[PDB]
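Chemist: Starting from these lines, generate the structure:
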Amino acid sequence: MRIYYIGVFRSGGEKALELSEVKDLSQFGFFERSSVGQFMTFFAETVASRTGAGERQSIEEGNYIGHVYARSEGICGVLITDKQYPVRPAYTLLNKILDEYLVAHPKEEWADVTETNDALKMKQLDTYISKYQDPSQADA
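Modeler: Numbering: from 1, shown residues only. Provided below are the atomic coordinates:
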C-alpha cells in the first residue's frame, strides 16, 4: 500500500523517452535504493515503450505495479506503486500529471520533446508521487 515510482515518458517508438522521473524508496535503504531505482525507471521507461499511447498499462511484479497512463496528444506518462494502490487515484494522478506536463509548456511546444529534464521537470508529478504514497490520499 505504498507507491514506489512515478514519472512521465514520451513514446519514442520502441523506447520510451525519459520525460520525467521521480523515485520513491522508503524500504529500499542505502543498499536497494540504487538497484531498485534502476528497477523502477527501467520498468517505467519500458512500460511507456510498451504503451503505444491511447492505452494504459499495469505491470504487476512480485511486489510492484507499474501503472501506465498514455496521453491524448503525443507524450505518455507512467506510474508505479504497490498492488495496494487503487487505480482510481492513479487515474486522477494521471489527470493532473498529463495536464501538468502539457501545461508547463504549450501542447505542441513539447509534442514529443525528445529531450526532457526528468531530474528537474514536473515538480508536480514529483510532489504527487511523494504524497500519493497512500492508497488514495483523496488528492490531499
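Chemist: How far away from the center of its chain is the particular helix or strand that has residue 128 in it?
Modeler: In this assignment (DSSP states H and E), residue 128 forms part of helix 123-131. Put simply, helix 123-131 sits 10 Å off its chain's centre (Cα atoms, centre = their mean, to the nearest Å).
Chemist: just use 40 as the starting number from now, easier for me
Modeler: Yep, numbering from 40; the last one is helix 162-170 now.
Chemist: name the helices or strands packed onto that helix?
Modeler: strand 44-51, strand 54-62, helix 126-142 (3 or more Cβ pairs under 8 Å, 6 or more residues apart in numbering; DSSP states H and E). C-betas here are computed from N, CA, C, even on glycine.
Chemist: For that helix, C-alpha coordinates in PDB please.
Modeler: Only the C-alpha atoms of helix 162-170 are listed here, as PDB (Å, rounded to 0.1, in the frame of the first residue of the first chain):
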ATOM      1  CA  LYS A 162       7.800  19.400  -9.800                       C
ATOM      2  CA  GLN A 163       4.100  18.400  -9.500                       C
ATOM      3  CA  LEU A 164       4.400  14.800 -10.700                       C
ATOM      4  CA  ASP A 165       7.100  14.600  -8.100                       C
ATOM      5  CA  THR A 166       5.300  16.100  -5.100                       C
ATOM      6  CA  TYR A 167       2.300  14.000  -6.200                       C
ATOM      7  CA  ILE A 168       4.100  10.600  -6.100                       C
ATOM      8  CA  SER A 169       5.500  11.700  -2.700                       C
ATOM      9  CA  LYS A 170       2.200  12.400  -1.100                       C
END
